[PDB]
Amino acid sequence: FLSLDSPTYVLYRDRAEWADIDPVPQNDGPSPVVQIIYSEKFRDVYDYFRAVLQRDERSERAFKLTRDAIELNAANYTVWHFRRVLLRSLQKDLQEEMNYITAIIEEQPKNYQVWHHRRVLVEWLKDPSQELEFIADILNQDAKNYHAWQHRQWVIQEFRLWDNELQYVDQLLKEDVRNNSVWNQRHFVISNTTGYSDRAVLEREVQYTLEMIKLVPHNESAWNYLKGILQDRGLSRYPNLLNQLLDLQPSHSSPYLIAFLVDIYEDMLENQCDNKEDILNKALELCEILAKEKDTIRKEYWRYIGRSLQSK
């Protein structure tokens, strides 16, 4: 009704329609700790919030005030709660509220309360029709907002809106092949629609991923993906694997190729294989290269894999 930013904004205490109420001040106790020095404006709106809430005044003016209280501190979950109560009680137009939360999230896309509030509205309305488009707009400003991806998976799961998400994932992977949120989304999607058991799908995936690897060899996500989709069946159940990867040794090498090989070898050992003695030698040498030369930040881990590779 009256912006907190308007040049002609007036304190609630100075308001004619807010004189019947007495502003309830914060009680931090006679001897405060981590005490915030609020602005006259922040203190004003909240002294009034404490009161309306304390009265449980479920009024339209109370409604318009949570709006200001939310703008002063969007992370105030108590105000967000009372606002949902007013939404039900005052029987407010929720679509109109969808627009509000839409704008607020655009402003604070990393706030926990705003996303949750939006999810509550969509549930109340049983309407997921604006979701994928809104999310995509947020992910357009920050392709890795955790809240955005999480909210997205909920809309897709709950409302079973799976059909065009893999096409979306592919789009974003074209924009930033290093976007781990998208690699994860691709897994979320495939594993919930077709699964990776389907030979054609598995092949299509490994192919595509071997591509992104033999394109940006030092991009870790593609590596953790390829490993992720195969390691759940045994890397050693894939003979050609060790080869193709061994082929990339001088053309597309990173400590990821070495680490993947150390992972295959591990499985060709769990499953027992002829030449196992040499295999173990090759694998331990790789563990020392990674540990001593190739990837020393985790020398504690790499030598530990050398020692475990001993016992098992």
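Position 1 is the first residue in the sequence shown; the rest follow in order.
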State which stretch shows the higher mean Cα B factor in the entry: 103-111 or 195-203. 195-203
The stretch whose C-alpha atoms carry the larger average B-factor in the entry, 164-172 or 85-93, is 164-172
Would you mind finding, among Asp263, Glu40, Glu285, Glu57, the residue with the largest C-alpha temperature factor in the entry? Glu40
Based on the PDB entry, the highest CA temperature factor among the options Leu11, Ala19, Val24, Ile289 is that of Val24
Considering every modelled residue of the chain and its Cα B-factor in the PDB entry, is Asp47 in the lowest, middle or highest third? lowest
Third of chain Cα B-factors occupied by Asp137: middle
Determine, from the deposited record, the chain-internal third of the Cα B-factor for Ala143: lowest, middle or highest. lowest
Which third of the chain holds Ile70 when residues are ordered by C-alpha B factor: lowest, middle or highest? lowest
Can you tell me whether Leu280 has a C-alpha B-factor in the lowest, middle or highest third compared with the other modelled residues of the same chain? highest
